[PDB]
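Participant: as they sit in the full assembly, here are the leading chains:
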Amino acid sequence: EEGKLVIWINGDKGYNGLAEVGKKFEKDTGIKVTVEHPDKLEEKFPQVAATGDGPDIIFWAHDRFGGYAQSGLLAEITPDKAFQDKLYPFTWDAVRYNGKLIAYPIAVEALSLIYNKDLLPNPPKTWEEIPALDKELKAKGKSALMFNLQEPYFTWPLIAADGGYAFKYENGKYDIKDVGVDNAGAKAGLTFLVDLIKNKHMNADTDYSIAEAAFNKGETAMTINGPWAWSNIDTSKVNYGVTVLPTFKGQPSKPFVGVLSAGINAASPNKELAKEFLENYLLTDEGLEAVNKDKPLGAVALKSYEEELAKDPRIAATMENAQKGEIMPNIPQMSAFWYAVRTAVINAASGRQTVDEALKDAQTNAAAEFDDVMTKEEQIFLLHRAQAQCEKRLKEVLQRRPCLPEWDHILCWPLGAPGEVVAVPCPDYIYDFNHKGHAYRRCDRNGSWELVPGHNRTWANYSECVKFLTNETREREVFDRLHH
């Protein structure tokens, strides 16, 4: 619906604060802003987004956005240099996919260890010593540690500590085929976690609300949660500290780093009003304070407002935990990774499967065999390998008038017969062309390739080759089909 903004944001984040920014936007531009927090919005989005039940702006961590973008659900964002300099460049890095900017970076999230200072003046440096500490607190009618086991996000810091990883990065891209879910170190992490359930130290059933209300009512000594969760501990008036996670096997726990991002719906007719709201009303010391006051955002993208929160000890510990972690891949194969790791952790902790079986299946599910779709990078390699073959044929013709073989960035034209139109078969290596067509040049009477009239460019007609509209019309059909 034109002339108003719908905004989806997670239900554990500061949506009431975001509403307050949207109130300010309505008073200043006369435009209604609706902030909504649906269950499972991250899987709700791709289906509904293109139906005008979807929002104008979606908030989530940067990992889901690779898939969204590749679904053609996000508009690309176009901020001017002046605005770009307001946010840390590494946050920009995170909302960058396939060389496009797909979102606005908001804040940087990382799991930390939150401990009850009064129940435990000194948080344990290692995971290994928790069993002993829990067995001690159980005697005092308490538990040592309780945290969301249902979500793979919270258990990963342990599973990644001794050697686990989502996808291997190398030479500036992710290997979708290489997954470190079932190596020696990951088994060590999950085996240890399963043992905690086995030995009655934790319950397998513990979900987000069970473990938070457990911590808030002083029933547990330690929780693992993110910045957003701090507001509730303050209301419950528990004397708490936020600290670096425990080491496992002398190796630091490696939490996934989330950059909360705001994306703009490609289907929204309110794109300009979206940009206007995000750049001028939300990403400002005031706007971020409003959200931050409701639930803490973590380390915000905005450099100016960041320097302020960067004196907060609770942030420092989130940043310390962020440096020790790994930033989540934002590639499309992530949703399979999450489903795989959820299944795995759930099955292992319940007993449905042994740790080794659970992870070996997760290995196979998460890991995708190479995409068969040709990427821009690969296409360019074929183009360079064809340019090469053109240097070669020109060097070999000249080694012993017709127009000379030349390379025009796409084809390699052969010796032209003077006065003639030269037809050359549209090159098979250009993935997108019609390889049955022909491209044309006029080779003039004197052995120079005819020129575009009154210009200094070589005339060539490629209209049999190019299928830009057809490719669109077809691909659009598949998109409409996927969405209506």
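Facilitator: Happy to help now that I have it. Numbering: from 1, shown residues only, chains lettered A, B, ... in the order given.
Participant: C-alpha from now on. contacts and neighbour counts both.
Facilitator: Noted.
Participant: got the domain ranges for chain A?
Facilitator: Chain A breaks down by curated CATH domains into domains covering A:1-371, A:372-484.
Participant: what's the most buried one of the ones you listed?
Facilitator: Most buried of the domains of chain A, by mean neighbour count (mean count of other Cα atoms under 10 Å): domain A:1-371, with a mean of 19.
Participant: now the end-to-end length of it.
Facilitator: 37 Å (Cα to Cα, to the nearest Å).
Participant: which SSE is immediately downstream of the longest helix anywhere in chain A?
Facilitator: Assignment by DSSP state H gives helix A:376-397 as the longest helix of chain A. Once helix A:376-397 ends, the next helix or strand along the chain (criterion: DSSP states H and E) is strand A:406-407.
Participant: any idea how far that following strand is from the chain center?
Facilitator: Strand A:406-407 sits 41 Å away from the centroid of its parent chain (Cα atoms, centre = their mean, to the nearest Å).
Participant: cool, and stretch A:475-482?
Facilitator: 24 Å.
Participant: same question for stretch A:438-447.
Facilitator: For stretch A:438-447, the distance to the chain centre is 49 Å (Cα atoms, centre = their mean).
Participant: show residues contacting it.
Facilitator: By Cα atoms under 8 Å, 6 or more residues apart in numbering, the surrounding residues in contact with stretch A:438-447 are A:401-404, A:416-426, A:449-450, A:459-465.
Participant: hang on, residue A:416 packs against residue A:422?
Facilitator: Yes - in this structure, residue A:416 is within contact of residue A:422 by Cα atoms under 8 Å, at 6.2 Å.
Participant: report the backbone C-alpha coordinates of the helix or strand containing residue A:211 in PDB.
Facilitator: Using DSSP H and E, residue A:211 sits in helix A:208-216. The C-alpha coordinates for helix A:208-216 follow below in PDB (Å, rounded to 0.1, in the frame of the first residue of the first chain):
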ATOM      1  CA  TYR A 208      14.600 -19.200  24.900                       C
ATOM      2  CA  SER A 209      11.800 -18.100  27.300                       C
ATOM      3  CA  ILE A 210      12.500 -21.000  29.800                       C
ATOM      4  CA  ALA A 211      16.200 -20.100  30.100                       C
ATOM      5  CA  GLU A 212      15.700 -16.300  30.300                       C
ATOM      6  CA  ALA A 213      12.900 -16.400  33.000                       C
ATOM      7  CA  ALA A 214      15.100 -18.900  34.700                       C
ATOM      8  CA  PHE A 215      18.000 -16.400  34.800                       C
ATOM      9  CA  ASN A 216      15.800 -13.400  35.600                       C
END
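Participant: tell me the contacts of the spatially closest residue to residue A:327 that is not a sequence neighbour?
Facilitator: The shortest distance from residue A:327 to any non-neighbouring residue, by Cα to Cα, 6 or more residues apart in numbering, is to residue A:257 (4.3 Å). Residue A:257 makes contacts with A:108-110, A:322, A:325-328, as judged by Cα under 8 Å, 6+ apart.
Participant: same check on residue A:97?
Facilitator: A:66, A:330.
Participant: onto the same structure, chain B please:
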Amino acid sequence: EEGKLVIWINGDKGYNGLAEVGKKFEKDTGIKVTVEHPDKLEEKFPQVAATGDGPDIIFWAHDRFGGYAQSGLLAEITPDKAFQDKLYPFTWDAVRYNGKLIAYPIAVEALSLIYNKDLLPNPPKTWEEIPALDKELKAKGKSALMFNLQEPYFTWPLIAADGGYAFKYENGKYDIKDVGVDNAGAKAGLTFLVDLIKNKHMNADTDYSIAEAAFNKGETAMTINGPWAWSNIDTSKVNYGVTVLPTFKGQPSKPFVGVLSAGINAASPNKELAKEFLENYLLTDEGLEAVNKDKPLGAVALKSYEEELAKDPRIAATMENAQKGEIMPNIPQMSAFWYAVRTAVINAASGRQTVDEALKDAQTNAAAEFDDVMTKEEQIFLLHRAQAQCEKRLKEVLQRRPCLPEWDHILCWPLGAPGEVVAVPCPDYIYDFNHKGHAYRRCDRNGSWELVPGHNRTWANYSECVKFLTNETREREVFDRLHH
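Facilitator: Next up, chain B placed on what we already have:
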């Protein structure tokens, strides 16, 4: 350059009149309008258009626009119902390509027979009797007929009379493989034309300006030309009539029908100002009169201004000749057709080749083997043949709880294991997908496919399949490569 309009239009059309409309536009919106008439603008366009040396608006006949559109050089035009009702629907038909509107129809052109009434009170009903009439006029120091032989556009009426054709139309599309350039009837037409050169009735060298200044100075009895050429005959004060072309072999001459169209450069940052100028300033009784006063447009698209010119006898004869002709295919394979037929006519009339050789080569050049690029139509056929196979597997599973195989407009999901995530390999028949990936559904505990949260749609994740962004990023690379 933002905030002003550059307009390319042919040099034999009414560019001074179009300038006058552009003057009016500048006085009313404070926007500078430049009307330019470059040599060979129809082949100049594709190369320069994407360089900001190209125009905002290009005028040409509808045939070249298939190629332009497929080059992604034209913006699609979006006129409202109210405006669409102002122009005849068949002119709209002509500027329609692959189900998009790519231009604005301006006027309808057709070659006619122009005769000097004073040198010849009765124009010859047949082509056969011209030799006798010329041999008579030569004795009086004149010639019977002189017209542009250099361009295939003017010779085609004869070449298409006894059975020639560009591309066979069938079931609402052109067969690029089927060309009637070298059938029995086309040879008859070209043989006859070559005989006129042979027997000294016409000169092979006769180009556009030679033949018009010949007619205007009273040196020839008959010319073949279009509406645009009438203004000069009126200045030269020759008593002329415009009439239906001579029949050949008892068959009417079949001229190509051109719908002069105005297209908007996809690269232009002035698209809105383009639409504004074309809809409100040019396609109006006043605007078209201004152009029409400079050089006649033919039968204009605008119904209201058309009824006026539709009383002009000269138009009536163009319309009569239009009905007897064939409307030019606007497919991309046209430019090859033109190059093929030019070469052919040139070589035959000069003597470089015998008529049969000339046309058999034109046959091979003009005719393209089928496009290998999959079109939307074909992709849908594969989708329907996959839907079919789904009805089939559902009917055969039910012929003898799990979630039931069903068809979701793209894939056909197999029997689901209750409680499980169902992975299904991205379908190989979807040309645009990544056929290595997997699509996902949750089959719930009770044997119903899990639903998109709070909605009535079946949840499915296709993010491994879809490559909408990659396909763009890659194709864009090829476009930039073709243009810079």
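Participant: output the contacting helices and strands for the helix holding residue A:211.
Facilitator: strand A:220-225, helix A:230-235 (3 or more Cα pairs under 8 Å, 6 or more residues apart in numbering or on different chains; DSSP states H and E).
Participant: what element comes up after the last one heading to the C-terminus?
Facilitator: Once helix A:230-235 ends, the next helix or strand along the chain (criterion: DSSP H and E) is strand A:240-243.
Participant: next SSE after that next one?
Facilitator: strand A:256-264.
Participant: just the C-alphas of that next one, formatted as PDB.
Facilitator: Extracted in PDB, the C-alpha atoms of strand A:256-264 (Å, rounded to 0.1, in the frame of the first residue of the first chain):
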ATOM      1  CA  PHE A 256      28.600 -16.300  14.900                       C
ATOM      2  CA  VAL A 257      28.700 -12.600  14.300                       C
ATOM      3  CA  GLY A 258      25.400 -11.100  13.200                       C
ATOM      4  CA  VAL A 259      25.100  -7.700  11.600                       C
ATOM      5  CA  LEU A 260      21.500  -6.700  12.100                       C
ATOM      6  CA  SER A 261      20.500  -5.200   8.700                       C
ATOM      7  CA  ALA A 262      17.500  -3.400   7.300                       C
ATOM      8  CA  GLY A 263      16.500  -4.400   3.800                       C
ATOM      9  CA  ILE A 264      14.000  -2.800   1.400                       C
END
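Participant: any idea which residue sits dead centre in chain A?
Facilitator: Note on chain A: the residue nearest the mean C-alpha position is residue A:63, at 2.3 Å, using Cα atoms, centre = their mean.
Participant: quick check on residue A:163: phi, psi?
Facilitator: When read as degrees, to the nearest 10, the backbone of residue A:163 gives phi 150, psi 10.
Participant: who's residue A:261 bridged to?
Facilitator: Beta bridges link residue A:261 to residue A:60, residue A:105, judged by DSSP bridges.
Participant: what do you get for the one 4 residues further on?
Facilitator: Assessed by DSSP bridges, residue A:265 has beta-bridge partners residue A:74.
Participant: is it true that it touches residue A:55?
Facilitator: Yes - assessed by Cα under 8 Å, residue A:265 is found in contact with residue A:55 at 6.8 Å.
Participant: shouldn't residue A:476 be within a helix?
Facilitator: Yes - assessed with DSSP: H, G, I helix; E, B strand; the rest coil, residue A:476 lies in a helix.
Participant: and residue A:67, how far from chain B?
Facilitator: 5 Å (Cα to the nearest Cα, to the nearest Å).
Participant: now swap in residue A:303 and tell me
Facilitator: Separation of residue A:303 from chain B (Cα to the nearest Cα) stands at 30 Å.
Participant: how about the strands in the stretch 251-400 of chain A?
Facilitator: Taking DSSP state E, counting those that start in this stretch, the strands of the stretch 251-400 of chain A run over residues A:256-264, A:299-300, A:326-327.
Participant: elements contacting the second one?
Facilitator: Other helices and strands packing on strand A:299-300, by 3+ Cα pairs under 8 Å, 6+ apart, are strand A:104-109, helix A:303-309, helix A:313-323.
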